[PDB]
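In the block that follows, a single chain appears as structure tokens, in the form deposited without the ligand.
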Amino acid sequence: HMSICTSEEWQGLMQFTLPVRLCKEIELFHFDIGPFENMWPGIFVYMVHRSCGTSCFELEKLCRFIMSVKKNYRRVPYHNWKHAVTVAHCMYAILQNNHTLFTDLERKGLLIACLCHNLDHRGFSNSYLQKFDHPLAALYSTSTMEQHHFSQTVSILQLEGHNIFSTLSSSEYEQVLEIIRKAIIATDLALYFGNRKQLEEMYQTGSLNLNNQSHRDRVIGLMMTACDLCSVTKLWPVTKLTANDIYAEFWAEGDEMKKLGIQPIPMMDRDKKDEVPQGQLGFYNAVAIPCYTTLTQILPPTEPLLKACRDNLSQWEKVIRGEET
């Protein structure tokens, strides 16, 4: 049921060389992979090698894994291959800036989790799947798509010559799969609200302890949210263009809801585009800003993400005031 890359595909990736100019740029939080589509797979290989080492994974297996992962992302407007690499790059930037706070197992697990976090997304939300009793909602009662994304990740690792984690001891193997499962499930925004509230209290009260596994899991969860939403931390033109894709996907879902006799939320109604600016403002104030604010308190080096988010919030406010260019 899983798609598999071709020999030419992974062999081409193995021989790929990243332009010297980008080496400096890829380290920055605001880096936009947009202009370099043919290089996305190679960019991921580069990040894995710089963060985990060139010997962390068998090159041949890593290349097969990456190209097959790409082949299992669908041609949807937003939750696609581009999104996956964008999220993985944000994680790379976070890890590079807080390197020793995480174990080697955590860094390799997290970069991989980010690349695979939206595998086989069909362009429909958990709300849709549960509202219309999709088979997936029956199998996964909560965090529906996220549980599916993890299942898809394991399915790729089970493909011949694709298990990049097989060389880990049985103990570390089980541990990394758990790191990945928890990280992917954490991308369910429904869980973000409680997680951020919990982390904020632990931070303010001074009880946050990174040698406490449950605390580490929560911090990693917030990192996943921060990476998943990073489009709001790019330069305004990039953030605005990405919003177009996000809504294109939303509107298609809303169209299906109307066909089922249900009026969609305004956000998914293509006949209510005038409400988008205020909708974005609401998302930034209720989700984005608090996320990066707490992330910055726990991991000071991530401050650039918060600054960029604040700048884009100001841009949406300008749109609401009718000052758009």
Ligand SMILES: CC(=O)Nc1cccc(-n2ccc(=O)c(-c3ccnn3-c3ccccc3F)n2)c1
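Residues carry their position along the shown sequence, with the first being 1.
Higher mean CA temperature factor between 229 to 237 and 251 to 259: 251 to 259, per the PDB entry. Checked against the record, the higher mean CA B factor of 271 to 279 and 48 to 56 lies with 48 to 56. Based on the entry's C-alpha B-factors, the most elevated value among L208, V219, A183, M145 belongs to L208. The PDB entry assigns the greatest CA B-factor among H99, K131, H215, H121 to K131. In the PDB entry, a CA B factor belonging to the lowest third of its chain's modelled residues is recorded for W81. Among the modelled residues of its chain, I66 has a C-alpha B-factor that falls in the middle third according to the deposited record. When the CA B factors of the chain's modelled residues are split into thirds, the value for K108 lands in the middle one. For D188, the recorded CA temperature factor ranks within the lowest third of the chain's modelled residues. For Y203, the recorded CA B-factor ranks within the highest third of the chain. Only modelled residues enter the ranking.
One more form of this protein should be noted, the form solved in complex with the ligand, which is absent from this view; the next part is about it.
Among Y203, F193, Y173, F132, the residue placing a heavy atom within 4.5 Å of the ligand in the bound PDB entry is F193.
Contact with the ligand in the bound PDB entry, defined as a heavy atom within 4.5 Å, holds for exactly one of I156, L111, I180, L229, namely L229.
With the ligand omitted here, the record of contacts in the bound PDB entry names 73 to 81 of 132 to 140, 100 to 108, 207 to 215, 73 to 81, defined by a heavy atom within 4.5 Å. At a distance of at most 4.5 angstroms from the ligand in the bound PDB entry, all three residues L189, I246 and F283 contribute at least one non-hydrogen atom. Proximity of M267 to the ligand in the bound PDB entry falls within the 4.5 Å heavy atom cutoff. Taking the partner from the other structure, the ligand in the bound PDB entry has no heavy atom within 4.5 Å of any heavy atom of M39. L299 falls outside the set of residues with a heavy atom inside 4.5 Å of the ligand in the bound PDB entry. At the 4.5 Å threshold, heavy atoms of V287 reach the ligand in the bound PDB entry.
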